[PDB]
There are 4 protein chains.
Amino acid sequence: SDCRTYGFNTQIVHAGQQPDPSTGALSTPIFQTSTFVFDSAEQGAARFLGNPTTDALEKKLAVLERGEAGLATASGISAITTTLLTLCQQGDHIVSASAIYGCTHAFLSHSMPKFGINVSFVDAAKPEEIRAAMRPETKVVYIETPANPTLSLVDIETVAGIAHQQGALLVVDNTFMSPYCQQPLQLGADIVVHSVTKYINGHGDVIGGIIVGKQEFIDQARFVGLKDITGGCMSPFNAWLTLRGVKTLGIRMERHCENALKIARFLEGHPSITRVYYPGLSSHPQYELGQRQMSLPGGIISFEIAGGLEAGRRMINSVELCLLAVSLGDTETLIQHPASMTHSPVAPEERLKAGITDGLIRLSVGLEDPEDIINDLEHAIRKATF
Amino acid sequence: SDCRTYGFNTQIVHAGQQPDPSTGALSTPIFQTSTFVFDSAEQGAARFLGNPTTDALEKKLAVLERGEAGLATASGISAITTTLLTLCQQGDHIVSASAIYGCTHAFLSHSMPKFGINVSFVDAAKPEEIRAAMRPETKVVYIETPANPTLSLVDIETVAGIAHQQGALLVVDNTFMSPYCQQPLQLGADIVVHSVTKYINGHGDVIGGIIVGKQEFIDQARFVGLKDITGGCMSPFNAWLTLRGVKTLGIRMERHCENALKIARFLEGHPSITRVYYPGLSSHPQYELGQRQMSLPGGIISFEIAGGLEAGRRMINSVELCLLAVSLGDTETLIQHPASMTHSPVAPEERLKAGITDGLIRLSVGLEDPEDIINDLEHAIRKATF
Amino acid sequence: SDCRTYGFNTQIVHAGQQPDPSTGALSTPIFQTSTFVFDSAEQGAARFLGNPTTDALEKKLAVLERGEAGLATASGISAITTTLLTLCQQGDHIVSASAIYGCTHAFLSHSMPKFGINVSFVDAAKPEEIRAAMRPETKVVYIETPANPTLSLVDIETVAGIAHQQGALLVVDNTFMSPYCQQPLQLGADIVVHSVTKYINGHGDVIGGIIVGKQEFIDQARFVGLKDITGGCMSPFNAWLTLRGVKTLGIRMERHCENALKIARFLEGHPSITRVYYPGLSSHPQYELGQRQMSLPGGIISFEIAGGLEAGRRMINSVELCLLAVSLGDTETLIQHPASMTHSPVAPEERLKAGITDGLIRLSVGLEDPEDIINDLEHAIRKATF
Amino acid sequence: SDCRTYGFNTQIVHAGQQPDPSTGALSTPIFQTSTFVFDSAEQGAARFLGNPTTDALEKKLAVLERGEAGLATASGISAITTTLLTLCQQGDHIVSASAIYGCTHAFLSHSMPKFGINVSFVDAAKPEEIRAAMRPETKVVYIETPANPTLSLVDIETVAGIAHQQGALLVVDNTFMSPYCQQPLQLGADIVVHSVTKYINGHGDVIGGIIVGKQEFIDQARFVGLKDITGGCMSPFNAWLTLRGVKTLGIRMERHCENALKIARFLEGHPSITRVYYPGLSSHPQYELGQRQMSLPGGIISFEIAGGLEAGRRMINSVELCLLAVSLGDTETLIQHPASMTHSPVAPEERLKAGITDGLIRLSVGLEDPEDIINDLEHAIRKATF
Ligand SMILES: Cc1ncc(COP(=O)(O)O)c(C=N)c1O
Ligand SMILES: Cc1ncc(COP(=O)(O)O)c(C=N)c1O
Ligand SMILES: Cc1ncc(COP(=O)(O)O)c(C=N)c1O
Ligand SMILES: Cc1ncc(COP(=O)(O)O)c(C=N)c1O
């Protein structure tokens, strides 16, 4: 049949893959090669980036996002830069959300302008700010959603109409949702990018990225962006592992989301916790938008602990099961305290303008028994807050 | 001791590597992870791209090229672009050899100018052309040597002095030589780049690149170029395989060079072969320069077969052992006929301005018995030339 | 803490694993080495099979089965033979279930007797037959449950008491259940073995086995059985993949079992299906025993289609989503018709004595949407049965 | 053509391998699968162990040893036991060399007799002892050569004639030579086995074994020995790495042998060294036999240091480049002192009956510059011997 006709779990398992024609091997073979051979001069000319393993991953993700074609990359950052460096040149303009991944922010704020490409940062939770910042030279509107670190949302369908009316493309980073929870292209986005490093692979052992969009664009991203600009090839072994990890995407996302809701409710009920940011809680500022745009509220939670900086340090130093790390989207529950860890070299007043308060903790909820995670949190919080 | 003190074969085997401290495992473990964990908030802050497997490869190649530091990449193209996009910005200028890898040529001729970065192409076999093209805005001189497809040479030491006098850096693509045959940094180059896809890995199963240079530069290439521009990470599995492949670099290069000399002499003696391009033959235009600059003449050969385009096609369609492919630097002998294969979509008169004649064949000599390769060639040539 | 204290899902994720001490890498490093180095002669003597990756897998499975120690092997068959060849010698006796894996049957019926080791086969669904077959020389009672191909059950606790009273050990093949659905050691078995090739790895890309039991036994299985008899080492890469696959064991088993129940009910309601064998259906002969012994009824189903041999062939030749294969326990739904496929070289009357009727179909239910599987089955059945 | 027609280096590179038919991939794909799918019931029956990657390795090694067929295994020990447990049953007899690998000795001395299989150990350097020990029940003569730890030799051709005249098969462990240095089947042996863990893989990152012999035997070793007895499957990833490692077998063996000869001569000239055992030295007891039977004398050396046990300890504790390890046949130079390390739990007088004197050092010479190894040895010896 055609894999675009089956239910979503069936697509997760099967799309882009088939038993090996010549051997019947069911697993996609790892084509760990750099060299492909021709049968003849003619065969070689006719042919005149490409690998069967990576192709299977690209086709699968294209199906899952409901896009025409996929392109794998060496990293999520390379998926973002290959895309934007393919689309933009000296004199072009980009309108970007402000609440985005920090390294994306550095690329947009420092790298692009040095190539003659200007960027305007706006609060993408306010579509009007996006409209106001558009220019005749604007090629791209770039957004992330949910956005960290307070899990605020962006109304993709609305922003898409705005960008399109002014002749720009919409690019959406769908990393934190995965195709299982959100499909930006179905809401009008033109291009979706992911760090597969997170939920798509899910097993914390692959760095990689993926871009999905129209065939016309993807061909340019491949034959110019990858080939002639970033060189950000995904290795066939990484692609194989990502295919393997993605087989369980549906069941992992269900369990991540189930666990995260329970933990979020526990945190909301806890007197030592001042705030809890999780789209699955009714008290969330854009709760209804989230209900329409996302099939599930996700596995990521942020929260503020009473007592600011020192409480945040005490709490992370007191967990026994949760692991301290800056990654998110793995099978293990991961936790971090940006102010004391990643952003301590930053000015307190400046961190605040990023939405990073001294007491903010970020939590990636894993596949453990939620009771064990809650017990670990409860224990650490109690220790941290007297 | 210090691995920088041992003979070159000893460095090939040992540099950058040591038994695993905690387990004693001799092979460098494959750290196939995306997540690293901290023991504490303090430990996490202190720390504030990086992987132990990839680090071992980078350190090894730094030792072999006699440079301070190494940086692995997703591909040879990404080693080149990460380097040049790190060094250059809008308004800057590059002077480049014309006889370079085609995809490098596309990046330099089309991508860079679209970012406000101008490139002048020159015949790098003539150092005076390099000097003449220098401008106040010139940041970089870029060269490849030997250069394809006629294996002409560039006098690295001379070009280095010229670039430096005018305040530019010299970047050298050392792919076709490997550190075993040529060390550009010892001749004055500031930065060396490789596609490890060729001889450094040597086994035709890895796409990857490496950059070697001063610590100050490599840090910028890593924390800005890779992190904030190309995203061209090498996967830890690729790094492991490359470490494994490089263990035999010395013995592979010796045998490649021994075999190539024998085949080159056979070809030079053959009445159906009009020209043979191989630095190891005295008849080579820059033979003496090659003798001073290269420890060995290399494994790559180009030659012209009598009867132009159709003879070239006939010959490649008649080999039985040599494999038709556009790659070079593997254990198997590889052969290609650019005019009928890769460059047939190109204009005959334009190909010529690239140095690609209708009868030009390129040969990557592998580890087979040279007698078998010669027999295969002799058979194919005879068939091709009546 | 101690991983034996956490809930079962938490153990699945965490048991046997921890971030790498020296680097903090969260994924267990792949120690793909054959060589370990000593710091000194003394250090080498003190030390006087073993690999850190494989150790992590062995420790994890030991925790999940509630046994003292684990031992990984090159295959499920090697887990079984390493165990039994470690325990038994010339003149010893084994009492075995008759309804076991065919290749196990061949080892027991032909190999063992040629080594002076006698085996009596019995219907293990009848504990009295086990007792009756015991001899003074009986070292081992061996059983599988559920047993194929009709998914009949064996009362582990009862058989354990019988074997022990007569001084024998009980060995249980727990492949079809996994530790998530059944824990034989908690019911009195002394040793559990698995083909990890099925549910424990779950991704159809690893052949391997595991043995769990007391430390005293496992040491003998390791230093004599593996080292001095079968040589059935698991490679560290296989162990790594198995660790990776097992991370999702809980969520995979839940979904396999949920899907299988739905499909089993559909089949039971279908007029072209004469019988359906699935422990989750009340109509199953040992339903209550299954309820006490198994947390879930499993992902495997057998059923008989109307019209015997030719109907069975027609049906398997008519599925479009289910894949034809002799494996079971993967993410994809797999189907087979033993009589027309694997057992067609066998005598019809003999197949019957194995419980293989002409219309028997075996189904391994995967992670696809159950609706899609049911539609595929419904379509194939209808075609097969007019 | 037919790969059995090319020179030996050409076979090393090419035999058993070809570009992937469907994709043209030159590297043998890693078929990391446990599941193979059928197109139909008929196709499934017709078919009624096997993996395309492993098949390529088996075919290659069969070509290199000039045997009909190959069978890969989980380890060298499993290659030996799968072979002998396939050939022998209760009441059968084996005549074995005494100077063999210790773990082989344990299998033969303890395991086999417990299965009703008797073994007689003899000094295989004396063919007459082999003849004298033959019985009507003798199925197999088993030998290793060179034999450790004094590198004594066995005259394969002579022993083969003796075994055959009395109706037995000759099995030869060719691990220390590799097919590049010795081909037992060409000298009359019926079956060759290797630990590929040593020179065939060569990179110290694979444990595995291989068996080569007639198709009739190999089929039994595969479908009964592996399938129904040891279960000692080689994983497809291990097979791929072994194929990769073997590509450089010719050039590695040449360099190992060149380096070992230089080191052996240095040691023979050294006044603190009492004896040096290396077939490449004229002073070797069976020098001429070695010249006829072996193309090269090998990479392994044993020697005795003045001052017995304590000198041996001092010397190994004083090397700075050589690595202490019990492995041999890697790219790094490895060294060990059996008496102080591996065999210190053994009785001094008993070690001697094994040929292990207190001063015996074993050295596996790697690919480093021989000058560096010699300097390291010279330094350690001097320190060790005042
Ligand atoms: C929302 C988001 N987008 C992109 C990236 C970059 O993806 P990498 O380069 O694969 O790490 C990250 C960070 N992982 C992220 O959190
Ligand atoms: C001299 C030279 N430099 C760089 C490259 C690019 O290296 P890749 O991206 O790893 O293929 C090539 C082509 N392989 C080349 O021949
Ligand atoms: C119940 C059962 N036990 C053991 C085995 C053997 O395990 P392999 O050697 O890893 O295939 C099988 C068959 N896979 C089986 O179905
Ligand atoms: C001559 C010889 N034969 C067989 C073996 C066993 O091979 P493994 O099981 O792959 O280690 C060894 C020891 N490596 C050996 O030295």
# chains A, B, ... in the order shown; residues from 1 in each chain; ligands from 1
$ interface_residues --of "chain C" --to "chain D" --cutoff "7 Å" --atoms "only C-alpha atoms" --output "compact mmCIF listing (two decimals) with C-alpha atoms, in the first residue's frame"
# COMPACT_ATOMS: atom_id res chain seq x y z
CA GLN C 32 34.33 -2.38 21.81
CA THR C 33 37.69 -3.83 22.87
CA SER C 34 39.30 -7.22 23.14
CA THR C 35 42.31 -5.95 25.06
CA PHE C 36 42.53 -4.61 28.60
CA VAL C 37 45.77 -3.19 29.93
CA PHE C 38 47.42 -3.45 33.35
CA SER C 40 51.74 -3.14 36.64
CA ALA C 41 52.71 -6.80 37.00
CA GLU C 42 51.15 -6.77 40.47
CA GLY C 44 47.88 -7.96 36.46
CA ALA C 45 48.39 -10.83 38.90
CA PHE C 48 43.97 -13.25 37.84
CA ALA C 74 25.88 -14.88 21.77
CA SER C 75 22.34 -16.22 21.40
CA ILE C 77 20.35 -21.09 22.15
CA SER C 78 23.80 -20.48 23.71
CA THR C 81 23.25 -24.83 26.12
CA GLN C 89 27.76 -34.50 32.44
CA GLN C 90 27.82 -38.03 31.02
CA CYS C 103 16.05 -25.99 18.14
CA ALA C 106 17.06 -30.83 18.70
CA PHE C 107 19.77 -30.04 21.23
CA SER C 111 23.11 -33.53 21.00
CA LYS C 114 25.54 -38.13 22.19
CA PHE C 115 27.33 -36.71 25.22
CA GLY C 116 25.95 -39.38 27.57
CA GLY C 204 14.70 -7.16 15.71
CA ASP C 205 18.36 -6.25 15.19
CA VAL C 206 20.09 -8.30 17.88
CA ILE C 207 20.69 -12.04 18.31
CA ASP C 228 35.68 -23.64 28.44
CA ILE C 229 32.69 -25.08 26.58
CA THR C 230 30.46 -23.01 24.25
CA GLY C 231 32.57 -19.88 23.82
CA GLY C 232 29.27 -18.04 23.37
CA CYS C 233 30.38 -14.47 24.17
CA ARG C 313 -1.35 -20.22 2.65
CA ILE C 316 -0.50 -15.24 4.67
CA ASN C 317 -0.13 -14.48 0.96
CA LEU C 323 5.23 -9.20 7.57
CA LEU C 324 5.98 -12.87 6.86
CA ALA C 325 8.82 -14.05 9.08
CA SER C 327 10.80 -14.22 14.25
CA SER C 340 3.22 -24.22 4.73
CA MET C 341 6.45 -22.46 5.69
CA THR C 342 8.79 -23.82 8.36
CA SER C 344 6.24 -28.25 5.24
$ select_by_dssp --residues "range 61-304 of chain A" --states "helix (DSSP H, G or I)" --output "PyMOL selection string"
chain A and resi 61-65+76-87+102-114+127-133+156-165+184-187+215-230+236-246+249-268+287-293
$ write_last_selection --atoms "C-alpha atoms" --output "short mmCIF file (atom, residue, chain, number, x, y, z; two decimals), in the first residue's frame"
data_model
loop_
_atom_site.label_atom_id
_atom_site.label_comp_id
_atom_site.auth_asym_id
_atom_site.auth_seq_id
_atom_site.Cartn_x
_atom_site.Cartn_y
_atom_site.Cartn_z
CA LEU A 61 10.03 12.03 9.15
CA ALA A 62 8.52 13.58 6.02
CA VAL A 63 5.53 11.26 6.43
CA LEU A 64 5.21 12.00 10.18
CA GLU A 65 5.24 15.79 9.65
CA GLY A 76 19.77 20.32 15.24
CA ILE A 77 21.82 23.50 14.96
CA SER A 78 22.91 22.43 11.44
CA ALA A 79 19.26 21.76 10.49
CA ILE A 80 18.52 25.36 11.49
CA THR A 81 21.55 26.97 9.85
CA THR A 82 21.48 24.87 6.68
CA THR A 83 17.84 25.98 6.28
CA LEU A 84 18.37 29.67 6.92
CA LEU A 85 21.69 29.95 5.08
CA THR A 86 20.00 28.26 2.11
CA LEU A 87 17.11 30.76 2.10
CA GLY A 102 20.30 30.05 23.13
CA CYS A 103 22.67 28.75 20.46
CA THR A 104 20.07 29.57 17.84
CA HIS A 105 20.00 33.05 19.39
CA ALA A 106 23.78 33.38 18.98
CA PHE A 107 23.64 32.32 15.34
CA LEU A 108 20.84 34.81 14.67
CA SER A 109 22.28 37.67 16.72
CA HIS A 110 25.97 37.46 15.79
CA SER A 111 26.65 35.16 12.83
CA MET A 112 23.88 36.27 10.47
CA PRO A 113 24.54 40.03 10.70
CA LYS A 114 28.20 39.35 9.92
CA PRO A 127 1.52 37.89 16.62
CA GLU A 128 1.16 41.65 16.19
CA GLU A 129 4.84 42.14 17.11
CA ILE A 130 5.72 39.74 14.30
CA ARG A 131 3.64 41.73 11.81
CA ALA A 132 5.11 45.05 12.98
CA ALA A 133 8.67 43.84 12.43
CA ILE A 156 1.44 28.71 14.49
CA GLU A 157 -1.62 28.97 12.26
CA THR A 158 -1.99 32.68 12.98
CA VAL A 159 1.68 33.47 12.50
CA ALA A 160 1.70 31.46 9.27
CA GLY A 161 -1.08 33.59 7.77
CA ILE A 162 0.74 36.77 8.79
CA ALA A 163 4.09 35.70 7.30
CA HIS A 164 2.46 34.50 4.10
CA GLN A 165 0.42 37.66 3.56
CA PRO A 184 3.41 22.69 12.16
CA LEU A 185 3.12 22.04 8.42
CA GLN A 186 -0.53 21.09 8.86
CA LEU A 187 -1.01 24.49 10.50
CA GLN A 215 10.59 18.97 -2.37
CA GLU A 216 11.66 22.17 -4.14
CA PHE A 217 13.07 23.64 -0.97
CA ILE A 218 14.62 20.41 0.36
CA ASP A 219 16.49 19.85 -2.92
CA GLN A 220 18.07 23.30 -2.50
CA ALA A 221 18.79 22.63 1.17
CA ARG A 222 20.50 19.40 0.09
CA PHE A 223 22.40 20.26 -3.06
CA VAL A 224 23.38 23.79 -1.97
CA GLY A 225 22.92 24.19 1.76
CA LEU A 226 24.45 20.89 2.87
CA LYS A 227 26.73 20.30 -0.12
CA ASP A 228 28.01 23.84 -0.63
CA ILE A 229 27.59 25.63 2.70
CA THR A 230 27.43 23.81 6.08
CA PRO A 236 24.52 6.52 8.32
CA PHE A 237 25.05 4.98 11.77
CA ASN A 238 23.41 7.99 13.43
CA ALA A 239 20.55 7.71 10.96
CA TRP A 240 20.12 4.00 11.79
CA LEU A 241 20.05 4.66 15.47
CA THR A 242 17.54 7.47 14.96
CA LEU A 243 15.30 5.15 12.93
CA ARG A 244 15.59 2.64 15.76
CA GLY A 245 14.79 5.22 18.45
CA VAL A 246 11.83 6.63 16.50
CA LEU A 249 8.14 7.52 19.49
CA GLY A 250 4.39 7.02 20.00
CA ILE A 251 4.69 4.93 23.15
CA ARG A 252 7.51 7.10 24.56
CA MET A 253 5.58 10.35 24.04
CA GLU A 254 2.45 8.88 25.63
CA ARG A 255 4.38 7.84 28.72
CA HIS A 256 6.46 11.05 28.90
CA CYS A 257 3.24 13.09 28.79
CA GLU A 258 1.40 10.89 31.29
CA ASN A 259 4.32 11.10 33.72
CA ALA A 260 4.82 14.83 33.21
CA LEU A 261 1.15 15.62 33.94
CA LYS A 262 1.32 13.70 37.24
CA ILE A 263 4.55 15.44 38.24
CA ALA A 264 3.21 18.83 37.17
CA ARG A 265 0.10 18.35 39.34
CA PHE A 266 2.25 17.27 42.29
CA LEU A 267 4.41 20.38 41.89
CA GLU A 268 1.38 22.66 41.59
CA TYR A 287 -4.06 26.79 27.81
CA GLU A 288 -6.80 26.69 25.16
CA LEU A 289 -4.45 27.46 22.26
CA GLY A 290 -2.36 24.56 23.52
CA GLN A 291 -5.42 22.33 23.52
CA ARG A 292 -6.08 23.07 19.83
CA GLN A 293 -2.50 23.05 18.60
#
$ closest_residue --among "D:363, D:100, D:49, D:15" --to "ligand 3" --atoms "only C-alpha atoms and all ligand atoms"
D:49
